[PDB]
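The structure appears below as structure tokens.
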Amino acid sequence: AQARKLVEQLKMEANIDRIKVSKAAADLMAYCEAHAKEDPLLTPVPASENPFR
Amino acid sequence: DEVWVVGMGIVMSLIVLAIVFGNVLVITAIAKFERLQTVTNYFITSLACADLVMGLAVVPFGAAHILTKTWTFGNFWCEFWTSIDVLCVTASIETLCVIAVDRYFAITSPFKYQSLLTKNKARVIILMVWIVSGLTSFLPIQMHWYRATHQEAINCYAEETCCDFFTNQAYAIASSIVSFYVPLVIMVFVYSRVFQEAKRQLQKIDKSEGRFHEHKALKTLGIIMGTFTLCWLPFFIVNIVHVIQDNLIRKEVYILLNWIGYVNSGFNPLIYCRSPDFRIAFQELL
Amino acid sequence: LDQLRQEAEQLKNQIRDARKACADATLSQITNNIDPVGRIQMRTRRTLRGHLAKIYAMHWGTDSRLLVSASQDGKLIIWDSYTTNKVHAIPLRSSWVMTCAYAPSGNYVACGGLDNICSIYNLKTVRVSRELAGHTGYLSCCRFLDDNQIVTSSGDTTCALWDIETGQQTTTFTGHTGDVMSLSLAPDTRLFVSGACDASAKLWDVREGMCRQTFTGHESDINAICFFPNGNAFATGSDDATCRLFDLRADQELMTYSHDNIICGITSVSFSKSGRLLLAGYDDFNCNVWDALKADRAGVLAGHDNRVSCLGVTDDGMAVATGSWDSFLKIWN
Amino acid sequence: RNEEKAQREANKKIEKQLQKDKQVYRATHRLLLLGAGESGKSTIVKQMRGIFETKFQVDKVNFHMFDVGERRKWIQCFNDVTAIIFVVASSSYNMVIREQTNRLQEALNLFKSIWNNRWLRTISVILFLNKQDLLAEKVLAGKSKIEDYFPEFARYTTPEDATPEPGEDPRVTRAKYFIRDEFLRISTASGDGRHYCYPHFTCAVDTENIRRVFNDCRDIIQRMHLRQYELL
Ligand SMILES: CN[C@@H]1CCc2c(ccc(O)c2O)[C@H]1O
């Protein structure tokens, strides 16, 4: 029934391993710091480089 | 009485500043924000432009003439100033007439008003109402048709000092009618119809949900027509009167009523541009 | 019957305990020493006019120039942002629409709405390529996995993977309690997440067709979904005036974006390139730009007459444009 | 090169088409049919005649109606409609919805939710009381007391200003006026005059409901225009 389809789903969803939140936060910070050089919204763009202006 | 002259100049400058400030505020509110761009708001923009050009052109020159008791500029510039004055007054009053007609069609024909009025139609009617105003003002003044046969008037028309208005039966009557009397009757008829519709709607509401928990309409109509009739009716009445009878009235009262008609333009932005959207835009600009 | 209910509660308690144990230190502590991005000022470079009614959804093309916007007037308009001119105009059989998408190949345009059918239009040929049917509710959002298969977020609480050529649902994902209101695709086609009108937001795997993780941080409904650019995180929008970020590997929420000045919901959320600025379109008349790591309102986008209902950043991250309930689009930079 | 000219020509053609579409779209008025499934919305829709659309025109005015078919978040789509048509089974006081509450009470709850919705603040709702003959039969004959099902009926009295229909019994008039007054009290409690409610007593036999819809749409537009200019 519906109860089995949910109990089995919860059983199969809690078995996955979890990485520490510190590692995930460090990964996000590293990605942002590495790719911030290529962000055109974050940093002002030159008039020649800016296509909209 | 130099104190009286100083006070008159001060109040004239105050009126000039108030008219210019209010009109530029309204026009920049219309221009800057695309939300206010509405088919009915084009008429408001036209009225604001007419009042603004009047306040920038004829109010300062008229005040200078009143204070200095003479016309310092050239003879042709006097005719140009008179033409600008007539054009501005006629355009403003006809713009109020157009706004009243647009409102009438908005209430009396709720379904057809959506398609009857369009942006292109609004532009065409604004251009037409500006063109008809110019024909009654620039064409007679520039082609010397309003020129009278009075001895002293024709004597001073050559003189550089005389810039006072002088006209015969024909131009005075025609200009007064076209500028004020037709708009007056059109606006009073359409506002009577709108008031009848509002009263019918209020009666329907009372019959519908009156058991559970027309002052506003009367107050709004008084604020709309009152500020216009009280400011322009005396001037045109005395216009027709003194043209009919030479010694009926003096010139000082005529100038005073004309200046009341001038200062009427200050109340128009407050009388019409009072929507909550207008107030929000003004607060944003401030 | 009731015996199995206790097992589900025990499993939920165990999952919550494991998630709590995983949270050694919040993201705010780790990012404390990093420098703020400062105030970000943006201006409306180009305003796209031509729409007849309110716009709900928009999707940038594979390139950074082409757009597509859906409105209740019954017309999809494809714009050219570089010159602010319309390219194509497509009518619809149904007046009311809720979503639109642009194929990565740049040849197909998918549109949905209250009509449960999903319409795909051939830009390169504007006839209806296929009218996908089978959902029993409105289509909140549709996306292009490729030029041959799409995924939809139906109102029947079931997101289903479609096949354009076959015209039938290849796989149907079920489990959400409420109606699904948002959907986003990961940089890879393997995974995608969908936010429903219930508190929970679920992660789905296309290869297996079974949900892998479920996040229930929010208290109100979900309205916007967007992955982090790398694909290891995603942020959600809610009607409770709170935007929250979740980490897939950590399986728990990291930070929440909220302010006492805002008591209105969020209608659209997208991530800027490099994942540093979180652009969220709020239910009020303006838009607030959030710092992804510091939860600081770096910039505010204002100038929309009505509620902002769409928001999207280009693939190359060149610019962002918002689709509001006013009939005008606005491209910011 | 010629790409700019081609794009300009495409823009000109699309702009002309969109101007024509805007004219025809502003020419017509939309309507939403939101009523209970047991209230006989289908028969009323047929009487005027995923989502069902109905097009009908009166006095060269094109009315366009949509019938849908839970917490509903599709309501936010209809934030700009001329009116919302609500059909309620006036005879459903006795019947209880399957799995139990009074059907009329469920309709009242739905009306309260719709009226107080944030997105529907400015939209007036047109109220249709369907199946009046069944209500008249139930009130005139049968062992069913309105007071037992609805406690407020015992204190309620027929208003003096109320005008009963020609050749109508007093008990049925009191019952129908109480049913109408429940909705009207739900409506008039909230709102600042932006949107109103227009109750109507209709039956399947009646064939003048389209004229009523036309008149009510005209009144709604007139009220909106009057309140916009601050004369109402
Ligand atoms: C110089 N003052 C003029 C004289 C006559 C006149 C005015 C305004 C509108 C008209 O239609 C007129 O005929 C006045 O402003």
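Picking from residues in the range C:273-295 that are away from chain A (no Cβ under 13 Å) and charged (D, E, K, R), the one that is farthest from A:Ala25 (Cα to Cα) is C:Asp284.
Residue count for the range B:200-217, restricted to those that are exposed (fewer than 13 other Cβ atoms within 10 Å of the Cβ) and under 32 Å from the mean Cα position of the chain (by Cα): 2.
The rows are residues; the columns are (1) within 26 Å of B:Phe180 (Cα to Cα); (2) crowded, with 23+ Cβ neighbours inside 10 Å.
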{"position": "B:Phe80", "(1), (2)": "yes, no"}
{"position": "B:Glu94", "(1), (2)": "yes, yes"}
{"position": "B:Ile99", "(1), (2)": "yes, no"}
{"position": "B:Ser115", "(1), (2)": "no, no"}
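Of all the numbered requirements in (1) within 13 Å of the ligand (Cβ to nearest atom); (2) within 14 Å of chain C (Cβ to nearest Cβ), B:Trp81 misses one, and that requirement is (2).
If you go through the range C:122-143 and keep only what is surrounded by 18 or more Cβ atoms within 10 Å (Cβ to Cβ) and closer than 26 Å to C:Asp198 by Cβ, you end up with C:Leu132, C:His135, C:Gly137, C:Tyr138, C:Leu139, C:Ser140, C:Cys141, C:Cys142, C:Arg143. A Cβ distance below 9 Å, combined with a sequence gap of six or more or placement on separate chains, defines the contacts here; from the range C:275-297, residues that are hydroxyl-bearing (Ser, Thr, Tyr) reach residues that are surrounded by 22 or more Cβ atoms within 10 Å (Cβ to Cβ) in the pairs C:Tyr282/C:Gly237; C:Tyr282/C:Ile266; C:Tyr282/C:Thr267; C:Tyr282/C:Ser268; C:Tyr282/C:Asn288; C:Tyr282/C:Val308. Hey, could you check the range C:104-121 for residues that are surrounded by 24 or more Cβ atoms within 10 Å (Cβ to Cβ) and of a type in the set (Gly, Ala, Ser) and say which is farthest from the other protein chains (Cβ to nearest Cβ)? Among residues in the range C:104-121 that are surrounded by 24 or more Cβ atoms within 10 Å (Cβ to Cβ) and of a type in the set (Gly, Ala, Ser), the one farthest from the other protein chains (Cβ to nearest Cβ) is C:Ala110.
So, restricting to helices (runs of 4 or more DSSP H) that lie completely within the range B:137-238, which ones have at least 1 residues that are within 13 Å of the ligand (Cβ to nearest atom) and under 23 Å from B:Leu96 (Cβ atoms)?
Working: elements: B:151-158, B:169-176, B:182-209.
By residue number, B:169-176, B:182-209.
Of all residues in the range D:41-56, at least one satisfies being assigned to a helix (DSSP H, G or I), within 27 Å of B:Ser115 (Cα to Cα) and not β-branched (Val, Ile, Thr). Scanning the range D:131-151 for residues that are closer than 14 Å to D:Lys176 by Cα and of a type in the set (D, E, K, R) yields D:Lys131, D:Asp133, D:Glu137, D:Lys138, D:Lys145, D:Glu147. Taking the criterion of being within 10 Å of the ligand (Cβ to nearest atom) and among the aliphatic types (A, V, I, L, M), would at least one residue in the range B:121-132 satisfy it? No - not one qualifying residue is present in the range B:121-132. Restricting the search to strands (runs of 3 or more DSSP E) fully inside the range C:1-108 and requiring at least 2 residues that are within 20 Å of the chain's Cα centre (by Cα) and under 30 Å from C:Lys124 (Cβ atoms) gives C:55-58, C:69-71, C:75-80, C:100-102. Put simply, of C:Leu67, C:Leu52 the only residue that is more than 10 Å from every other protein chain (Cβ to nearest Cβ) and touching a strand residue (DSSP E or B) at 6+ places or on another chain (Cβ under 8 Å) is C:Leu67.
Laboratory data are not the source of any read-out in this text; all were calculated from the coordinates shown. In this analysis, Cβ positions are derived from the backbone assuming ideal geometry, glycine residues included, and neighbour counts consider all displayed protein chains.
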